[PDB]
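Remarks on the overall topology
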Amino acid sequence: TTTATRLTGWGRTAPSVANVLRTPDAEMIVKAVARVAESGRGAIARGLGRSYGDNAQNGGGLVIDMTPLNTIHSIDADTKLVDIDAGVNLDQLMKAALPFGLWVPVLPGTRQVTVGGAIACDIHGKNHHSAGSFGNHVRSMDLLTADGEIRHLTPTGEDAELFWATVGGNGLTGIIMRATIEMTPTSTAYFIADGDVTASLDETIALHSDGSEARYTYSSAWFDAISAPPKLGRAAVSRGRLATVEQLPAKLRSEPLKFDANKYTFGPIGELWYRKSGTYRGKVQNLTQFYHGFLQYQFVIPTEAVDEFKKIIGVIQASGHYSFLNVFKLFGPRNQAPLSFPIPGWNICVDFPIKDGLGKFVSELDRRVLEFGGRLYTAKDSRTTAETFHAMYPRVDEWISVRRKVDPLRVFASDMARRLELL
Ligand SMILES: Cc1cc2nc3c(=O)[nH]c(=O)nc-3n(C[C@H](O)[C@H](O)[C@H](O)COP(=O)(O)OP(=O)(O)OC[C@H]3O[C@@H](n4cnc5c(N)ncnc54)[C@H](O)[C@@H]3O)c2cc1C
Ligand SMILES: *N(O)c1cc(C(=O)N[C@H](C)c2ccccc2)cc(C(F)(F)F)c1
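Here is a short report on the structure shown in this document. (Residues numbered from 1 in each chain as written, not as in the entry; some residues may be left out. Chains lettered and ligands numbered in written order. Heavy atoms only, no water. Residues with missing side-chain atoms left out of burial classes, pairs and counts.)

Another aspect to go through is the overall build of the chain. Per the secondary structure count, the chain includes 13 helices and 19 strands. Here the chain has a C-alpha radius of gyration of 22 Å; the compact-globule value for 423 residues is 22 Å, and the two agree. Projected onto the principal axes, the alpha-carbon positions of the chain cover approximately 70 × 55 × 40 Å. (Helix = DSSP H or I, 4+ residues; strand = E, 2+ residues; numbered from the N terminus. Rg over C-alpha atoms; globule rule 2.2 N^0.38 Å.)

Below, the structure written as C-alpha cells:
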C-alpha cells in the first residue's frame, strides 16, 4: 500500500526517501500507525508539501499523505463553523464557504495548504495583528495518537494542553484527521485597500507604530533590502479590510461573494510613478489583487527591540546577498501554543539566491535573531541547529514534556524532529 518516494520541502532541498502511504480511507491510516507502533524511525503526516523545511519528510520511515482525506463535512452560516477533513486545502475551503458569507479567518500567501498543515505550523497571514494565527480559530480537532486512539481536542477542554501542543507542533503529536474551524463572517469577497509608500526604514517603522495599524484588519508591505541607507527599508505598504456590500461598485453588488523595466524605471520619473502608483485610498480589490535555487529566510524580532531590528536589516543589505522579494509585517499578540512561531513584533521574509558563503552568513543571522530575542519559522527552515532553536523557543521543554506523555515510544518522527532534537 506504501510507495518508496523521494521527498523535499518546497525549497527542493535536503531530499530524503520514505514510504508514502496515500489512502482516502481513514481505516488504512489508523492501522498503518498501529503497524508502526508495534515495531523504528516512526511516521509523519504530510499535506500539500508547501513547507520549505524538512518537517513533512521522514527519511527511511513512514510518510502519510493526507490530501486524499479531503471531505468537507458541513458548513453552517449560523454557527460560523466548518467541519472538514485535515486533507482539505484552504483554496477549496475558501470556495465552498463564500456562498455562506463565511471567510477563512487566516489566509497565508498560497492557498495550496491543507488544514492539517495550517494547524501544525500554526500559520499566520496578512491579518495576524487583528486575528492571530490559524490555531486561534480551531474550535476542535480529532488527533490520531500513538496508541491508535482518536482524541477529540478542544482549546479550553481538559485536553487543552495537547491541543495547544498540536497547534504549531509540526505533526509530532500525531495525525490530525479532522477539525472544526470557526470562520469569519463576510458580506463580500472583496477588500477595500489603502496604499502607502515610504522612503526609508525609519519611515516604515514610524508608519507601523503611529496607531494607523489599528484601523486596518489586514496589513503587509514590500520592503527594500538592497538599497543603501537611508533608502534601505523603504516600503510599499498595502493595508485594508473586507468590504461590505454597500461599498462595492454597483456592477458587483449583484454578486458580492463571487470569486474570480524601461529607461525611466530607475530615474526620478520612475520614483515618482512608483510613489503615485503605490499611494491610494479606498481602492476596492478582490482577493487576487490584494494578495498579488533560493533560500527563504523568515524571522520575527520582538516589538520593543526596534533598534535591533534596524541593525539586522542593515547587516542584510551590506552582506552582499541581494533579496528582491521581501515581505514585512508587524505581528500582534501571540497565542498559548508553546511552539507557535508568531510573537508581537517585526516580521520579515527574505529570499536569498543560493550563492557562496550564504550558508555561513545566515548562521550569523540566526545568532543575531537569537541574541535579539526573536526566532525563525520551522515552515521556512531546514538548516538551523537544535541549540539555536531551543533557545529561540524557551517553552520547547514544556512542549517536549507534553509530546512525551502522548508518544512515549517515538511513533511520530521526522527529519526536522531529529535535526532539532524534538524527537
Ligand atoms: C508560496 C508560499 C507562501 C507561503 N506563505 C505563508 C504565509 O503567508 N504564512 C505562513 O504562516 N506560511 C506560509 N507558507 C508556508 C505554509 O503556509 C506552511 O508551510 C504550511 O504548513 C504548508 O501546509 P501543507 O499542507 O503544505 O503542509 P506540509 O508542508 O505538507 O506539512 C507541513 C507541516 O504540517 C504537518 N502536517 C501536515 N498535515 C498534517 C496532518 N494532517 N496532521 C498533523 N500534521 C500535519 C507536517 O507533518 C509538517 O510538519 C507559504 C508557503 C509557500 C510555498
Ligand atoms: N514572509 O515573512 C512572509 C511571506 C508571505 C508570502 O505570502 N510569501 C509568498 C512566497 C509570496 C512571495 C512573493 C510574492 C507573493 C507571495 C506573506 C507574509 C505575511 F506575513 F503573511 F504577509 C510573510
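Let us keep going from here.
Contacts to ligand 1 come from 32 residues, most closely from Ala 45, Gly 47, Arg 50, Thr 114 and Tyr 377. Within the backbone of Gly 117, an N or O atom sits 2.8 Å from an oxygen atom of ligand 1. Separating a nitrogen atom of ligand 1 from a backbone N or O atom of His 124 is a distance of 2.8 Å. For ligand 1, whose free accessible area comes to 970 Å², the fraction covered by protein is 92%. Where the shell around ligand 1 is concerned, the elements lending two or more residues are β3 (43–46), α3 (115–120) and β10 (175–182). Of the residues in the shell around ligand 1, the class split is 17 nonpolar, 13 polar and 2 charged. (Near = heavy atom within 4 Å. Polar contact = N/O pair within 3.5 Å; in protein donor to acceptor, adjacent residues only side chain to side chain. Areas by Shrake-Rupley, 256 points an atom, 1.4 Å probe, with all protein chains shown as cover. Nonpolar A, V, L, I, M, F, W, Y, C, P; charged D, E, K, R; others polar.)

This brings us to the nonpolar core. Of all hydrophobic cores here, the largest spans 101 residues; its most connected members are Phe 134, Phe 299 and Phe 352. Setting aside anything within four residues of it in sequence, one finds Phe 299 in contact with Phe 309, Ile 312, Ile 316, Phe 341, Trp 346, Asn 347, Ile 348, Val 369, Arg 375 and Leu 376. (Core = buried A, V, L, I, M, F, W, Y, C linked by side-chain atoms within 4.5 Å. Buried < 20%, exposed > 50% of the residue type's maximum accessible area, 1.4 Å probe, protein only. Contact = heavy atoms within 4.5 Å.)

Before going further, it helps to examine the sheet that holds strand β5 (residues 72–75). Taken together, 5 strands build an open sheet; the order of strands is β5-β6-β10-β8-β9 and the sheet is antiparallel. Two strands lie at the open edges of the sheet, namely β5 and β9 (150–153), each paired on one side alone. Strand-to-strand twist in this sheet, taken as the mean axis angle between neighbours without regard to direction, amounts to 10°. In the sheet, strand β8 (residues 138–144) pairs with β10 via 6 bridges, with the strands oriented antiparallel. In the strand pairing of β10, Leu 144 is matched with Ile 175. Against the sheet, helix α1 (residues 26–37) engages β8 and β10, with an angle of about 130° to β10. (Pairing = 2+ DSSP bridges. Axes fitted to C-alpha atoms, helices over the stretch in contact; angles between N-to-C directions.)

Inspection of every chain in the model, using the stated rule, returns 22 salt bridges. A salt bridge links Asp 91 to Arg 111, with the shortest nitrogen-to-oxygen separation between them at 2.8 Å. Of the two residues, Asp 91 sits in helix α2 (residues 90–97) while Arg 111 sits in the loop between β7 (102–103) and α3, which places them 20 residues apart along the sequence. When the shortest N-O distance is used, the salt bridge between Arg 418 and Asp 415 registers 3.1 Å. Remark: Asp 415 and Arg 418 occur in helix α13 (residues 415–419); sequence separation between them is 3 residues, near one turn of the helix. The class for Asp 415 is buried, based on a relative accessible area of 16%. Residues joined by salt bridges that share partners form a network here, namely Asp 194, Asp 196, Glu 213, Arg 239, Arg 281 and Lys 329. (Salt bridge = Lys/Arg side-chain N within 4 Å of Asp/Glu carboxyl O.)

Let us now look at the packing of aromatic side chains. The way to describe two aromatic rings as a pair is by their centre distance and the angle between their planes. Scanning the model with the defined rule gives 15 aromatic pairs in all. Where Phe 223 meets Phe 328, the ring centres are 5.7 Å apart and the plane angle is 20°; that geometry is what we call stacked. An aromatic cluster is built from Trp 103, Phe 191, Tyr 218, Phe 290 and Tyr 291, whose rings are joined through pairwise contacts. The positively charged end of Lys 283 is found above the aromatic ring belonging to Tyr 280, 4.4 Å away from the centroid. Seen from the ring of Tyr 393, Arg 375 lies directly overhead, with NZ or CZ sitting 4.2 Å from the centre. (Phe/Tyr/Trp six-rings, centres within 6.5 Å; stacked < 30°, edge-to-face > 60°. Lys NZ or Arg CZ within 6 Å of the ring centre and 35° of its normal.)

Read across the open sheet, the 4 strands follow the order β1-β2-β4-β3; overall the sheet is mixed. Looking at which strands have only one partner, the edges of the open sheet turn out to be β1 (2–7) and β3. Within this sheet the neighbouring strands show an average axis-to-axis angle of 35°, counted without direction. Inspection of the sheet shows β1 paired to strand β2 (residues 16–22) by 6 bridges, in the antiparallel sense. Directly across from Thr 5, in β2, lies its bridge partner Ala 18. In this fold α1 packs onto β2, β3 and β4 (62–65), with an angle of close to 170° to the strand it touches most, β4.

A few words on the site of ligand 2. The local shell around ligand 2 consists of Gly 109, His 124, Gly 125, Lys 126, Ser 220, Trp 222, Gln 298, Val 327, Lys 329, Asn 347, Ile 348 and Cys 349. Within the side chain of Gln 298, an N or O atom sits 3.5 Å from an oxygen atom of ligand 2. Coverage of ligand 2 by the protein amounts to 75% of the 510 Å² it exposes when considered alone. For the shell around ligand 2, the secondary-structure elements that each account for two or more residues are β13 (218–223), β17 (327–331) and β18 (345–353). For the shell around ligand 2, the element with the highest residue contribution is β18, accounting for 3 residues. Taken together, the residues of the shell around ligand 2 break down into 4 nonpolar, 6 polar and 2 charged.

Attention now moves to the environment of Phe 294. Mapped onto the elements of the fold, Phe 294 is located in strand β16 (residues 294–302). Contacts of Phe 294, omitting those with residues within four sequence positions, involve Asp 351, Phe 352, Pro 353 and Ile 354.

Here we take up the side chain of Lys 126. In this fold, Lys 126 is placed in the loop between α3 and α4 (128–131). Here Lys 126 occupies a buried position and makes no salt bridge, while the nearest side chain of opposite charge, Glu 213, is found at 8.8 Å. Among the polar contacts listed, one links the side chain of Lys 126 to the side chain of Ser 220, at a separation of 2.9 Å. In this structure, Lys 126 is in contact with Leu 107, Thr 217, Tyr 218, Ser 219, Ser 220, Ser 238, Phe 290, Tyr 291 and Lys 329, ignoring residues within four places of it in sequence. (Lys, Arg positive; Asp, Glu negative; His and termini not counted.)

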